[PDB]
Amino acid sequence: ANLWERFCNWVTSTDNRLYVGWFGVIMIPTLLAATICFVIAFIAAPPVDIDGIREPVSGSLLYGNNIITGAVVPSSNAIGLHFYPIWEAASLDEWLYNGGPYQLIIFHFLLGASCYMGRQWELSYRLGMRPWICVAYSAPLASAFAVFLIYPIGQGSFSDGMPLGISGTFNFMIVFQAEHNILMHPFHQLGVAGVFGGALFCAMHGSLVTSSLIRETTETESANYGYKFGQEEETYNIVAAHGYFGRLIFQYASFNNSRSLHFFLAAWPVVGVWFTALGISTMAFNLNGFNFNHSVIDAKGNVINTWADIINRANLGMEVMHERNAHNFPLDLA
Amino acid sequence: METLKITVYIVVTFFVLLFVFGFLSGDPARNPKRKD
Amino acid sequence: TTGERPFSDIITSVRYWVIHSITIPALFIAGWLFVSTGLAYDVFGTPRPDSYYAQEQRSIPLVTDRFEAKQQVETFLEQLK
Amino acid sequence: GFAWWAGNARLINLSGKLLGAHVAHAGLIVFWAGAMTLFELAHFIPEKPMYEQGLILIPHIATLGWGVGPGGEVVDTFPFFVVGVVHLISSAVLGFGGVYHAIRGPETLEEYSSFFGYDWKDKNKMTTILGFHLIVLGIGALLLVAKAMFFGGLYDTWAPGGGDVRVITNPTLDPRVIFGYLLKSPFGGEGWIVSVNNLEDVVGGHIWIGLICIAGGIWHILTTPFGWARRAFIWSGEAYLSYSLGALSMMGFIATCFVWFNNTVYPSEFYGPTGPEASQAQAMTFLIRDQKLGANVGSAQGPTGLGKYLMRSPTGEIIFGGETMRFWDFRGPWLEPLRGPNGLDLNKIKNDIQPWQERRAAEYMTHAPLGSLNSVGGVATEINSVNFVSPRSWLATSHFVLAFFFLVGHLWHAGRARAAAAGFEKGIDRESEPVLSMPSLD
Amino acid sequence: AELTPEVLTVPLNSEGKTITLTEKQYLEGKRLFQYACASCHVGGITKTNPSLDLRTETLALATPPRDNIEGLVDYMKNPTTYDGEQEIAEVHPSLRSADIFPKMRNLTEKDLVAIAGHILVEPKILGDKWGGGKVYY
Amino acid sequence: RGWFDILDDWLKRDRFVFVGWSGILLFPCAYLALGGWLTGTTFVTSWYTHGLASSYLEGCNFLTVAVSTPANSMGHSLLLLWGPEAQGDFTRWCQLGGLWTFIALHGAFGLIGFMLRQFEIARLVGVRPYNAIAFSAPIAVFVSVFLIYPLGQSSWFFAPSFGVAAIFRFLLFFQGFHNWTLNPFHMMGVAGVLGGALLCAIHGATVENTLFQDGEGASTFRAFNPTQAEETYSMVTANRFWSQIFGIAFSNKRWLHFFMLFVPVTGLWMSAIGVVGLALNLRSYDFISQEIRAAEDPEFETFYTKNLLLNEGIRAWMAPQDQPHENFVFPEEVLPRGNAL
Amino acid sequence: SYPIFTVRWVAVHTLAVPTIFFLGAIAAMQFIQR
Ligand code: CLA
Ligand code: CLA
Ligand code: CLA
Ligand code: CLA
Ligand code: CLA
Ligand SMILES: CC1=C(/C=C/C(C)=C/C=C/C(C)=C/C=C/C=C(C)/C=C/C=C(C)/C=C/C2=C(C)CCCC2(C)C)C(C)(C)CCC1
Ligand SMILES: CC1=C(/C=C/C(C)=C/C=C/C(C)=C/C=C/C=C(C)/C=C/C=C(C)/C=C/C2=C(C)CCCC2(C)C)C(C)(C)CCC1
Ligand code: OEY
Ligand SMILES: [Cl-]
Ligand SMILES: [Cl-]
Ligand SMILES: [Fe+2]
């Protein structure tokens, strides 16, 4: 009945339409700050000197951008990894030119999304659930940390953090490939397997359950009305699902235990995506994709090109053109 | 700017202490089954 | 469950390993020889380390004709002989 | 109740077999320290910088002052051998206690002696075990102080004259300095504790931590947890493991940044230059090359309008130009002679650059921590030739990976510990589903 | 194509005398060049002064001529600037500067020849790629 | 009781690997596409079609090995072994790219066979044929990329080559030449593949953490029985959880699993359509309004203009070695390059 | 009483026989020198 205790009970109430929780106490303000700044900058921020060379890139809609080309532009390379809050600028005009909004948005977002993951733990405890859904979300969350925080740290600049834009994203993945040969990096190859594989097993499992739905309806109505929310019996025939799938391949490559099947569904993309997040996080320290440039030579010592060499010619074209005005010296060491 | 900086320092400290004290207030006991 | 002999029971059987302790190295040696003798180069037309360019050549012997292509690579191969 | 694949969870309430697990695993750790060191020495070639050679353990020994003299010149390899042997030998003793306690000793300890036995829920016994280990840790940190002050010193990359081993006679005791580090921003130009740039502060902080750890060790032997701590924590073996997994994760992230940025307790002589260091070294290299040809590097406007060789930082310091503008917070013993109070001094640059600085810059620029997974050095478009990945890239990436999974491990075990404590870790009770007795949201 | 004696045959001195390396010497030189030199001279370029490369035409025009075994072995002993006017042992690996360039300490006299040999043969095999840079990768 | 029926009987026997009528198309074609790829990647070069080494025999590794496309001078020749190009000579056939068409065509008929298998077994077991339907997405991708794309181009040469690094090169070609990342059909595909991986993870995790306690052990896998009628996890608790965390949740298991079919299948179908556009160089390369502004206003710069410079570097730097039949000679001075690099 | 030769037998050896042969060829290759 005490004031603090009644507050505590409202924060942790399982009766709020949206759960707040103690993690929510930090998430809500920070996601609101990041969302509100993001929306306003995307529409109306003036151009930002991403690469510190007094060459501002225009990222917002009112400055001639569309949904596809617009972005919140990363802060100035002149700032590197220095903290640049609003109150460190002589004025908002300076803060805008140097890319201040990017920093505000990413720090609040990373914080708020971290608390999002904790909030998933918390409500699961309040509801008497097992606790590990948050572990599934750590795979996307790690990915966001890698491109917004870890890769700048290792490279020394939020200017090389991933842009908050559709085409900005593409600019980031093109430069990454030329500086790190990410395609030839095995952790990225595991991400692709995690993502291709994840979409495959999504399709498989959805098609396998859907194929074995038990007839509960007529042809004039959605089969979906054959399931009623909360019903105790299962709504498909898993043995029929197993009997089709086991024969499509062979018996023992098919799951007859739904718990093992669903845990496999969880782990495959989560682990692939951990690796591909690890990939970005370790290429942040410049431990790059396999390099087989000129690895095949003939008896005389002529180079016999492979597909790795052709890839290298593409990487080279990306390297020499990216940030065409920023380099004064012959090696792009960061 | 300094007014802004003080304000943000205050707002952040407030929320961080809600968090610290909220979890210090018998959080393990707020579950549906078994409370200590 | 379908009436074939279980795999577990086969690869612990003495009879199985009696055959496959011969069949498995024979095939491994077989494939080795395919390479060590040079037969694989000749069957597949794959260049040897010494036959990608002629000595002072740095031209790829690239096929450039559809119906005369057979004759082209034949010419490129004599340009080594 | 645990399957084979979670079988080590069967040791949770078997204190004797679990002791053997820990001690045998501690032997594995000491084994690898020993074996790896001896492998590195077997392969070591003294004429070659360590960082051309794949070495991660020899550099840690050299840094304590053994086997090296001025400049990191390796003078004596025997200390390296000794360290390997004693570690390798000591792991047999730990191996021996390990397999003994794990297979033959008493499964559970608490019936043998009431001293070594424990129950995870015995909050007093647990803080006592904690305290003993705190005192041990405190002792260890003072061992470092003893080596620095009484048994030969430490390698000091900053020592005047190119670096050398030096005895630390005046460790920083001022807590404004020691704990000042703990309150610096972790952002650029500040860098939290990673910026520690002199051995006085390193030795001094290890005095503090040793004393703090001993003090706290005695505290926890002597006390029991207060009620506010009793009510905020989960008291169980898994819960304690989860607490430590989080701490290990945090520490691994710190070490990653340490080895990537700090060139004081990871001297560049041994580990290779930092990313920032190498990037600054390239600007230095061409500044030197161009000035010798007659360029006036102070007045040379680059394509963008900014200085081609020199510009200002956002606070005005004179700094190296080009993309390396981002690395102006870098400080290294080969560079600081050129720095005045406005940053790089143009008159020192014109007149006072020494051949050893030209050499060091050329070397560090060509040994930047960039490399493929198969150890082809340089940018990713470089051809094969140079077999090189920097020790710092190997050390940063490995420990980022490890730190990350330990965080996952912390979430895994912390969540489980909570649910096991409340009694729903194995699933929902069908006859008592909490949500079915809650009001509908809408 | 293969590593024939014609290719392994390189000028010894500026008189015009020639010397024919063995395949052994050539692979010796390549190994040694990777050990002592490639960190700056991978592919016949010079990362720390890209204006000066190891193409034979460049060496030929150096003072003293360096397009021959003698000139190159001498360079490794007492390196000079391209015009011959100053000795640069202080900042270039050399036997004369092996106290400060420790990798040169175990180079023997025939190692120098193998290295100089590698440098002269490689342009004959690789052509423009040697000393050409990334354009030719 | 005629022969046709007897064969039906034998084809449809329950055995460790079911055969079926569809087995007659599937098994030979799948075995041959697969064996063609392992034969080519182990032993066959690309020297005469591409100027590349591409087998283990030649010194390549798993990442760089490939069965490469035929020379551009072959056009869209079937390159039959007995056709006018190879003239029955196995060796020349290998050297001219014959294994590329062998794999691609046998692969195509294998894929058909595999989808006929899904139809055949589903009918025999008595389930709905939604797993076959789903499989239409892989088919659409394969035909669009490996068949339609190069049939719109000058030759098979510009199809993907069957190898790891060769496909990586195919990705980068499409960036530089088609600006494929800018294409809204690729974008819908990305959202379907990533959306699908999300669904896969979020659904598996939700079931594993809304489980009912149906056994005493700490391994919860033991406590399921494939013939139990009861759901093994709580949809109710799952729904309340996600409703409170995310705001919306599934309430209908049927719709949920149909959505899981729908999302990745559609994404793949959308990307197929876009690659059909690229068969004709029908690209979403540019935004006209941006180019007109940037031509007139040299201070105007976006990530869109930045990325085209990158495409321009790619084209000029990879084209001569990637299209050897064009004999592109770009002297140094014409290559696009920024400062210093 | 189990058959020895089955459809299964055949599918197994269809794949396994050339695998080993191919592994042996790929083994020889690690010793090829230019
Ligand atoms: C201090 C570290 C530590 C300790 C003591 C434990 C202890 C425990 N964990 Mg935890 N765990 C940790 C870290 C730790 N964990 C981390 C960092 C993670 C995240 C990855 C986890 C994730 C985790 C899960 C998901 C689970 C546990 C479980 C458990 C329990 C049983 C584990 C078992 O039998 O494993 C048996 C060991 C194996 C099956 C072998 C795994 C081998 C790994 C995956 C391969 C690594 C190979 C290497 C990288 C390269 C190979 C090279 C090649 C040449 C071989 C036990 C209480 C289980 C539990 O909750 O029970 C209470 C459980 O389900 N752990
Ligand atoms: C650091 C690694 C590590 C360690 C130290 C342990 C330790 C232990 N495990 Mg775990 N475990 C591990 C990894 C590890 N495990 C992994 C990776 C898995 C997944 C495969 C498991 C799965 C697992 C299961 C499923 C079970 C255990 C159990 C046990 C305990 C009893 C083992 C026993 O009686 O075996 C007896 C084994 C033998 C008699 C065989 C010989 C083994 C010896 C020690 C080999 C050492 C050789 C060495 C070279 C000798 C040097 C001697 C010299 C020092 C004097 C023991 C404390 C058991 C347990 O908790 O029981 C209650 C149990 O049921 N473990
Ligand atoms: C932290 C590790 C650890 C812990 C907690 C224990 C705990 C225990 N052991 Mg195990 N043991 C260990 C390590 C450990 N041991 C190792 C490494 C070995 C192999 C050398 C053994 C071999 C061993 C045997 C053979 C036996 C035990 C027994 C016992 C029990 C009685 C101990 C006693 O009264 O001894 C009396 C205590 C002493 C004589 C004091 C010893 C002081 C040591 C030698 C110095 C410590 C200094 C420092 C910590 C070492 C570091 C030096 C190095 C870094 C250079 C007890 C539960 C007994 C048992 O359980 O029987 C059923 C038993 O028979 N232990
Ligand atoms: C291995 C290290 C270790 C561990 C695991 C513990 C564990 C414990 N300590 Mg002991 N303690 C230690 C070392 C350790 N201690 C040492 C060395 C000392 C001497 C200084 C003490 C002194 C001490 C006292 C005086 C007390 C404890 C108490 C406790 C209990 C409550 C802990 C708690 O609530 O912390 C959680 C901490 C908080 C809720 C507040 C901490 C806020 C910090 C500043 C956050 C900073 C994190 C940030 C991201 C990192 C940057 C650091 C920043 C300073 C720059 C617990 C059993 C309490 C108890 O019950 O004792 C009987 C108690 O009153 N400890
Ligand atoms: C059964 C499945 C199957 C299918 C669908 C294919 C399909 C194909 N194969 Mg593959 N092939 C198969 C099995 C299969 N093959 C087997 C088992 C082998 C191993 C011997 C091969 C070996 C093989 C090679 C070596 C090649 C192909 C090629 C081809 C392609 C061209 C085939 C063609 O032109 O047919 C033409 C023939 C027909 C369509 C037959 C029609 C039959 C009619 C209806 C009956 C005619 C009766 C006769 C005229 C009357 C008697 C005459 C009188 C004297 C009495 C095509 C994609 C070629 C290819 O991929 O090119 C790149 C190629 O080079 N196949
Ligand atoms: C040595 C050295 C030094 C020093 C150091 C030091 C002195 C440090 C310290 C450190 C420290 C001083 C640390 C601390 C830490 C802490 C922490 C890390 C914390 C944590 C916390 C937590 C975790 C909590 C949580 C919670 C909450 C919040 C609520 C309720 C629940 C709980 C309790 C869970 C120097 C740098 C000079 C130099 C070099 C060397
Ligand atoms: C083309 C042709 C043909 C056919 C052919 C064939 C059909 C073949 C087959 C082939 C095959 C059938 C082959 C196989 C191969 C195999 C391989 C070569 C394998 C390998 C593998 C491996 C190496 C593995 C390993 C591993 C790893 C690496 C990791 C993980 C684990 C494991 C163990 C998996 C004919 C006659 C009609 C004629 C025309 C042409
Ligand atoms: O890749 Mn290329 O490297 Ca990482 O910096 Mn140097 O150039 Mn620029 O700032 Mn963004 O980008
Ligand atoms: Cl760019
Ligand atoms: Cl630059
Ligand atoms: Fe499902």
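Numbers restart at 1 for each chain; the letters A, B, ... are given by sequence-line order, proteins then strands. Just so you know, these numbers use all the heavy atoms, side chains as well, and skip hydrogens, waters and symmetry mates.
Every residue two or more places apart in sequence or in another chain that forms a side-chain contact (heavy atoms from CB on, under 4.5 Å) with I182(A) is listed here: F176(A), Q177(A), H188(A), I280(A), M283(A). With sequence neighbours left out, the salt bridge (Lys or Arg N to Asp or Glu O under 4.0 Å) criterion links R169(F) to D322(F).
The distance from atom OH of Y304(F) to atom CD1 of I166(A), rounded to the nearest 0.5 Å, is 15.0 Å. Rounded to the nearest 0.5 angstrom, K306(F) NZ and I50(A) CD1 are separated by 6.0 Å. The line from OH of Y225(A) to CZ of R254(F) is 13.0 Å long, rounded to the nearest 0.5 Å.
Interface residue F300(F): only side-chain heavy atoms are found under 4.5 Å from chain A. Proximity to chain F (any heavy atom under 4.5 Å) is shown, for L18(A), by both the backbone and the side chain. For chain F, the nearby part of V296(A) is the side chain; its heavy atoms alone come within less than 4.5 Å. Contacts between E233(A) and chain F at a heavy-atom distance below 4.5 Å involve backbone atoms as well as side-chain atoms. For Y116(A), the part sitting under 4.5 Å from any heavy atom of chain F is the side chain, from C-beta outward, and nothing else. With a 4.5 angstrom heavy-atom cutoff, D15(A) touches chain F via backbone and side-chain atoms both. Heavy atoms closer than 4.5 Å to chain F are found in the backbone of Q231(A), but not in its side chain. The contact between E299(F) and chain A is made entirely by backbone atoms, counting heavy-atom distances below 4.5 Å. For a residue to count as touching a neighbouring chain, one of its non-hydrogen atoms must lie under 4.5 Å from one of that chain's; by this rule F290(A) touches chain F with the side chain only. Within the 4.5 angstrom heavy-atom criterion, atoms from both the backbone and the side chain of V127(F) approach chain A. Looking at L309(F), the atoms closer than 4.5 Å to chain A (heavy atoms on both sides) sit in the backbone and in the side chain alike. For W180(F), no part lies near chain A; criterion is any non-hydrogen pair under 4.5 Å. The contact between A134(F) and chain A is made entirely by side chain atoms (from C-beta outward), counting heavy-atom distances below 4.5 Å. Residue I133(F) does not touch chain A at all, counting heavy-atom pairs closer than 4.5 Å. Using a 4.5 Å cut-off between heavy atoms, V236(F) touches chain A through backbone and side chain atoms alike. Of the atoms belonging to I133(A), heavy atoms from both backbone and side chain fall under 4.5 Å from chain F. For a residue to count as touching a neighbouring chain, one of its non-hydrogen atoms must lie under 4.5 Å from one of that chain's; by this rule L183(A) touches chain F with backbone and side chain alike. For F246(F), the parts sitting under 4.5 Å from any heavy atom of chain A are the backbone and the side chain alike. If you measure heavy-atom distances from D298(A) to chain F, you find no contacts under 4.5 Å at all. Proximity to chain F is limited to the backbone of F329(A), based on heavy atoms less than 4.5 angstrom apart. Heavy atoms closer than 4.5 Å to chain A are found in the side chain of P264(F), but not in its backbone. Contacts between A136(A) and chain F at a heavy-atom distance below 4.5 Å involve the side chain alone, from C-beta outward. Interface remark: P163(A) contributes side-chain atoms only to the contact with chain F (heavy atom separation under 4.5 Å). With a threshold of 4.5 angstrom between heavy atoms, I68(A) approaches chain F through side-chain atoms but not through N, CA, C or O. Within the 4.5 angstrom heavy-atom criterion, only side-chain atoms of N239(F), from C-beta onward, approach chain A. Interface remark: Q290(F) contributes side-chain atoms only to the contact with chain A (heavy atom separation under 4.5 Å). Residue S161(F) touches chain A through its side chain alone, counting heavy-atom pairs closer than 4.5 Å.
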Assess whether side chain to side chain contact (heavy atoms under 4.5 Å, CB included) is satisfied between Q175(F) and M318(A), documenting all intermediate values.
CA-CA 11 Å; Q175(F) 175 58 44; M318(A) 292 166 231; over 6 Å; no
Could you walk me through whether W47(F) and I304(A) pass the side chain to side chain contact (heavy atoms under 4.5 Å, CB included) check?
CA-CA 9 Å; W47(F) 188 236; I304(A) 303 310; 3.9 Å; yes
Test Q120(A) against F241(F) for side chain to side chain contact (heavy atoms under 4.5 Å, CB included), laying out the working first.
CA-CA 9 Å; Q120(A) 285 180 335; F241(F) 176 78; 4.2 Å; yes
Begin with the C-alpha distance, continue with both residues' side-chain angles, and end with the deciding distance and a verdict on side chain to side chain contact (heavy atoms under 4.5 Å, CB included) for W307(A) and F170(F).
CA-CA 10 Å; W307(A) 284 114; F170(F) 188 74; over 6 Å; no
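Of the listed residues (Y19(A), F196(A), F229(A)), the one with the most heavy-atom contacts under 4.5 Å to chain F is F229(A). The candidate from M173(A), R126(A), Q189(A), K228(A) with the greatest count of non-hydrogen atom pairs under 4.5 Å with chain F is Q189(A). Contact count versus chain F (heavy atoms, under 4.5 Å) is highest, among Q251(A), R17(A), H242(A), for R17(A). By number of non-hydrogen pairs under 4.5 angstrom with chain F, the leading residue of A266(A), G206(A), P269(A), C202(A) is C202(A). The greatest number of non-hydrogen atom pairs below 4.5 Å with chain F, out of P140(A), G24(A), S211(A), is found for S211(A). Counting heavy-atom pairs under 4.5 Å between each of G243(A), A223(A), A308(A) and chain F puts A223(A) at the top.
With contacts defined as side-chain heavy-atom distances shorter than 4.5 Å, the pair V175(A)/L310(F) qualifies. Using a 4.5 Å cut-off on side-chain heavy atoms (C-beta onward), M260(F) and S207(A) make no contact. Residues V73(A) and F303(F) have side chains in contact (heavy-atom distance under 4.5 Å, counting atoms from C-beta outward). Taking 4.5 Å as the limit, every side-chain heavy atom of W317(F) sits out of range of all side-chain heavy atoms of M321(A). Contact of the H205(A) side chain with the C200(F) side chain is not registered, since no non-hydrogen atoms from C-beta on lie closer than 4.5 Å. Under the 4.5 Å side-chain criterion, counting only non-hydrogen atoms from C-beta, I310(A) is not in contact with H50(F). Looking at heavy atoms from C-beta onward, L341(F) lies in side-chain contact with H322(A) at the 4.5 angstrom threshold. Under the 4.5 Å side-chain criterion, counting only non-hydrogen atoms from C-beta, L172(F) is in contact with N315(A).
When atom types are taken as modelled, the side chain of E208(F) and the backbone of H262(A) share no donor-acceptor pair closer than 3.5 angstrom. Side-chain atoms of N131(F) never come within 3.5 Å of backbone atoms of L208(A) as a donor-acceptor pair (strictly under, hydrogens ignored). For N65(A) (side chain) and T302(F) (main-chain N/O), no donor-acceptor pair under 3.5 Å exists by modelled atom type.
Side-chain contact annotation: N307(F) with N171(A), donor-acceptor N/O pair under 3.5 Å present. Side-chain contact, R259(A) with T220(F): no donor N or O sits under 3.5 Å from an acceptor N or O.
Ring planes of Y236(A) and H257(F): tilted class, angle from 30 to 60°. Relative orientation of the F16(F) and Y252(A) rings is tilted, given thresholds of 30° and 60° on the angle between their planes.
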